[PDB]
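A.B. asks: The structure follows.
Protein chains in written order, with the numbering used here: chain A, 1 to 57; chain B, 101 to 157; chain C, 201 to 250; chain D, 301 to 350.
This is the structure:
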């Protein structure tokens with residue numbers, strides 16, 4: 001689902017820009033916590049888990 | 101959250117009616133498979149895991 | 201998943217004799233169980249719709 | 301979660317100098333990442349939003 005690749009890429013991309021400090025990083029750091037948060041982790045596991053679930057049943 | 105108690109109760113409640121066999125057991129069997137299915141299990145784990153996440157974050 | 205549950209409520213609703221149908225209509229209608237079901241459709245749809 | 305993400309796209313979108321912003325906008329725009337985020341709001345909303 002390219003979720004780990006897209007999220008992880010969005011997380012580092014937000015940090016990347018955060019390091020640059022060209023635009024308001026406050027919103028970028030907010031996202032970091034929105035995706036990095038343990039919550040989105042469980043949810044993310046769902047997407048990957050669900051796909052597998054499809055292959056099982 | 102009460103999803104385990106409500107789902108598990110809906111599962112046995114669907115079986116319960118199935119035991120009696122008075123109403124269309126087809127749609128009821130469908131539900132049982134929708135709540136018992138491994139998929140809904142992952143999703144269910146999310147609701148529980150999510151609540152915990154709240155307590156963490 | 202929510203629609204299927206809903207449909208069941210209608211069937212079991214028409215049955216005022218099955219006590220299981222009663223407790224099932226209540227729980228099945230409980231928004232909470234609906235929320236989880238919502239997740240069921242969101243994913244199940246994006247994976248088996250288009 | 302989605303709104304916050306979208307908000308960032310707008311900010312980074314206003315900057316045609318950051319190459320990460322471009323690739324970041326794309327990733328944050330695809331409905332896939334939005335779907336997961338959708339789950340974020342669905343639960344959080346049904347958790348304690350009201």
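Where is the CB? At the ideal position from N, CA and C, for every residue including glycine.
When burial is assigned at 16 or more other CB atoms within 10 Å of the CB, is residue 47 (chain A) buried or exposed?
C.D. replies: buried
A.B. asks: Start and end of the alpha helix (DSSP H) containing residue 131 (chain B)?
C.D. replies: 125–136
A.B. asks: What is the DSSP secondary structure of residue 317 (chain D), reduced to helix, strand or coil?
C.D. replies: coil
A.B. asks: Are the beta-carbon atoms belonging to residue 110 (chain B) and residue 135 (chain B) less than 8 Å from one another?
C.D. replies: At the C-beta level, residue 110 (chain B) and residue 135 (chain B) come within 8 Å of one another.
A.B. asks: Exposed or buried, residue 40 (chain A), counting other C-beta atoms within 10 Å across all chains shown (16 or more means buried)?
C.D. replies: buried
A.B. asks: Would you say residue 201 (chain C) reaches chain D, if we count a Cβ-Cβ gap shorter than 8 Å as a contact?
C.D. replies: no
A.B. asks: Are residue 118 (chain B) and residue 131 (chain B) closer than 8 Å when you measure CB to CB?
C.D. replies: Contact flag unset, no.
A.B. asks: List the residues of chain B that residue 245 (chain C) touches, going by C-beta distances under 8 Å, in chain order.
C.D. replies: Result: empty, since nearest Cβ-Cβ is about 12 Å, beyond 8 Å.
A.B. asks: Please state if the CB of residue 122 (chain B) and the CB of residue 215 (chain C) are separated by a distance shorter than 8 Å.
C.D. replies: yes
A.B. asks: Should residue 154 (chain B) be labelled buried (16 or more other beta-carbon atoms within 10 Å of its own) or exposed?
C.D. replies: Only exposed fits residue 154 (chain B), as fewer than 16 other CB atoms lie within 10 angstroms of its CB.
A.B. asks: When burial is assigned at 16 or more other CB atoms within 10 Å of the CB, is residue 203 (chain C) buried or exposed?
C.D. replies: Label assigned to residue 203 (chain C): exposed.
A.B. asks: Assuming residue 44 (chain A) and residue 3 (chain A) make a contact with CB atoms under 8 Å, what is their CB distance in whole Å?
C.D. replies: 6 Å
A.B. asks: Using DSSP with H/G/I as helix, E/B as strand and the rest coil, what is residue 103 (chain A)?
C.D. replies: There is no way to answer for residue 103 (chain A), as the model of chain A reaches only from 1 to 57.
A.B. asks: With distances taken from CA atoms, which of D:318, D:342, D:319, D:330 is nearest residue 305 (chain D)?
C.D. replies: D:330
A.B. asks: Return the chain-ordered list of same chain residues with a C-beta closer than 8 Å to the C-beta of residue 233 (chain C), the five sequence neighbours on each side being excluded.
C.D. replies: 205, 227
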